[PDB]
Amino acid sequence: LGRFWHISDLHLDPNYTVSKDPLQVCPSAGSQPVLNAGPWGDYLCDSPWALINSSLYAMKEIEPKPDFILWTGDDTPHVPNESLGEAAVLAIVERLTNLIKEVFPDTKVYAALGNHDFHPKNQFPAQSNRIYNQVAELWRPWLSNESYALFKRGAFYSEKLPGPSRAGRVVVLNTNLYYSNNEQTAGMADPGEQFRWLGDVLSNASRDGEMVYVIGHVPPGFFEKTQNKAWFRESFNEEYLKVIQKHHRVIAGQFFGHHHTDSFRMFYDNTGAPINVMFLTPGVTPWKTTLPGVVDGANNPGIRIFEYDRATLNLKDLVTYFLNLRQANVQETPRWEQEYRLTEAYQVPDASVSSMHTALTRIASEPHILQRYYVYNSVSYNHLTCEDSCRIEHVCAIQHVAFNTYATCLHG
């Protein structure tokens, strides 16, 4: 039984300062007053370094020798582009990279860029550029010669897993190419040929008897905290689904971030069979989202460990740990605690597709499992009751990655 960490959406705010002026605590809060800010963060702000540093040392205390770490990006604060130039973006990525290397010096890391890990934000090109080149240098100790060259061209690559994993591979995607807000890829059907490449990698995995973990930042499908919000342009969403439907047999897991909340996505084939599951891990940043329509969209800082079978990559469980930020900010040292273990929360034997399908059916039919899922969705920040509209937004998002079936579900 192996273990790996999945961390995402650290979002450092470099200028976080405990101040008596509520409007000069953190630029990531915009114009919002930040009253009595604490040293470990505030729900209106992106992460101070002290929170990020806390999260990495909490990982080391919980499991200092993971088989590997998945890191799915988004390192910089939610501020205007004019406040955050290219040099600062790269310095922030480098600082976080060095922290991970310092705390886990012997651990392989599989790292993807998030949509904020660029200047201007979200404008990821389908060709080489200074950011891809420089990040490739930062992550070179983690990259094969082949992955190094591929990262410079498109910030995507695939790597063998280390022993003792029998026949495993991690595929690292740049799904920021597919974000609707990315004008660099408008009018391109296969930017960087990433979909063609991905299919070839997965065909190779089948030929070679390997199983694959796919990771990336921006997920396909919709955002469970609202209605009708998808990140991918529709054509890219369709193409991603087509890849999963063709190659699901070799995909043992999908691991994404970007939402900052805790959820999962089911994939089905045209016979209704469940064929894959994507796990959306919460963020370390607690930052209350500015997305229109979302009310009180903050979360507690979260980190996640997966348990897996090294021989098959079958996912046996996940444990999510969290920092109760409200409590931590009256304390001398933040102390992270277990939030939940998946098998216990949903009374399923493992984290397989069949088990996650059962979890979904219980979320959709049992009030107390729905509420349990909903509390964990914000990393136990919000304990209010998830009513009917909330229920339908979450169930439809978990169940339907496709645009058209999601929309029909929302008629419910």
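The first residue of the shown sequence is 1; numbering continues from there.
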Out of 357-365 and 383-391, which one has CA B-factors that are higher on average in the deposited record?
383-391
What stretch has the higher average Cα B-factor here, 397-405 or 17-25?
17-25
Based on what the PDB entry reports, which of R207, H260, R95, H116 has the top C-alpha B-factor?
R207
Comparing C-alpha B-factors across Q123, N276, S165, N174 in this entry, the winner is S165
Entry-reported C-alpha B-factor of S235 relative to its chain, by third, is middle
Splitting the chain's C-alpha B-factors into thirds, which one does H78 fall into?
highest
Comparing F104 with the other modelled residues of its chain, is its CA B-factor in the lowest, middle or highest third?
highest
When the deposited Cα B-factors of this chain's modelled residues are ordered and cut into thirds, is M211 in the lowest, the middle or the highest one?
middle
What third of the chain does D269 rank in for C-alpha temperature factor, lowest, middle or highest?
middle
